[PDB]
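One chain comes next, on its own, written out as structure tokens in the form solved without the partner chain.
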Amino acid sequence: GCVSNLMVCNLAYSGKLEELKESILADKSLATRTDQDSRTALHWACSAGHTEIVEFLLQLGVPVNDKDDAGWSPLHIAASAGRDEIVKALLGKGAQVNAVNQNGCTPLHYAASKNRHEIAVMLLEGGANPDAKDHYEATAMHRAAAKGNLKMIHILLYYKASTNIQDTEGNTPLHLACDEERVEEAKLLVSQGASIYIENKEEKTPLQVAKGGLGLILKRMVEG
């Protein structure tokens, strides 16, 4: 289906490398020309998962950090869409790991919330701030703790992510872990230093928020 009013963006999105090759070779201006969504062929190649097209456009020296009018860089799209190899090629040409889009999210945020384990690692080995804050002051860790992604939490802890940052509602990963009753997640979090003292904007500690057989477990865990 047609996703763009610019031909090169449609060839890019659909996998039509050879046609794209011949087109841009004819006019090298097409590789950086933008469409209705301010996207180049690089953006649409990132979206569709056409690694070989990405590599061709990168060889050409297309800028690799240009944001579509939603704020999304190629690295945002690749990370969200789960294109392991494309993310690799993007970090290979110095793609800005910490770029942010209109909503305030970095690529890692999309990696963490969609469980792109290999891509998260690649962003983090690549210098992504693990404590990057969205527009609600929420972190990759908030997402992982809230969604119960144990694998992702281990990844984030290893890369020195904080566990004691407050979102605009004043909750820390541990608050959320507790609130959605994430069993191991909250245990693993207080074992690696998640505080039982910080107050969300309801005077509530993570202890208070905790439900059932937990809550005081995170106090018999910290006084054992």
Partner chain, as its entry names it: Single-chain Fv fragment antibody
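Residue numbers count along the first chain shown, from 1. We call the rigid core the largest set of C-alpha positions that still match within 1.5 Å between the two forms.
Unshown form deposited with the partner chain bound; subsequent notes refer to it.
Asks: Given that the partner chain is not shown alongside this chain, does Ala81 nevertheless sit within 4.5 Å of it in the deposited bound form, heavy atom to heavy atom?
Replies: Close contact is absent here: in the deposited bound form, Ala81 is far from the partner chain, nothing within 4.5 Å, heavy atoms only.
Asks: Spell out, yes or no, whether the shortest heavy atom distance between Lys160 and the partner chain in the deposited bound form is within 4.5 Å.
Replies: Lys160: yes, in contact with the partner chain in the deposited bound form.
Asks: Quick check on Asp27: any heavy atom within 4.5 Å of the partner chain in the deposited bound form?
Replies: Heavy-atom contact with the partner chain at 4.5 Å: absent for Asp27.
Asks: Whether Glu184 contacts the partner chain in the deposited bound form should be assessed with a 4.5 Å heavy atom distance threshold; does it?
Replies: Although the partner chain is absent here, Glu184 would touch it in the deposited bound form, with heavy atoms inside 4.5 Å.
Asks: Thinking of the partner chain in the deposited bound form, which stretch from 134 to 142, 71 to 79, 101 to 109, 148 to 156 has heavy atoms inside 4.5 Å of it?
Replies: Heavy atoms within 4.5 Å of the partner chain in the deposited bound form occur in 148 to 156.
Asks: Ok, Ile196, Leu188, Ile165, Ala48: which has a heavy atom sitting within 4.5 Å of the partner chain in the deposited bound form?
Replies: By the 4.5 Å heavy-atom cutoff, the listed residue in contact is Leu188.
Asks: For the stretch 1 to 18, which residues lie within 4.5 Å of the partner chain in the deposited bound form by non-hydrogen atom distance?
Replies: None of them.
Asks: Given a core-based superposition, decide whether the C-alpha of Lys201 shifts by 2 Å or more between the shown form and the other one.
Replies: False for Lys201: its C-alpha shift is below 2 Å.
Asks: After a core superposition, would you say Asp69 shifts its C-alpha by at least 2 Å between the shown form and the other one?
Replies: Stays below the 2 Å threshold, so no.
Asks: Examine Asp27 after superposing the rigid core and state whether its CA is displaced by 2 Å or more between the shown form and the other one.
Replies: Indeed, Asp27 is displaced by 2 Å or more.
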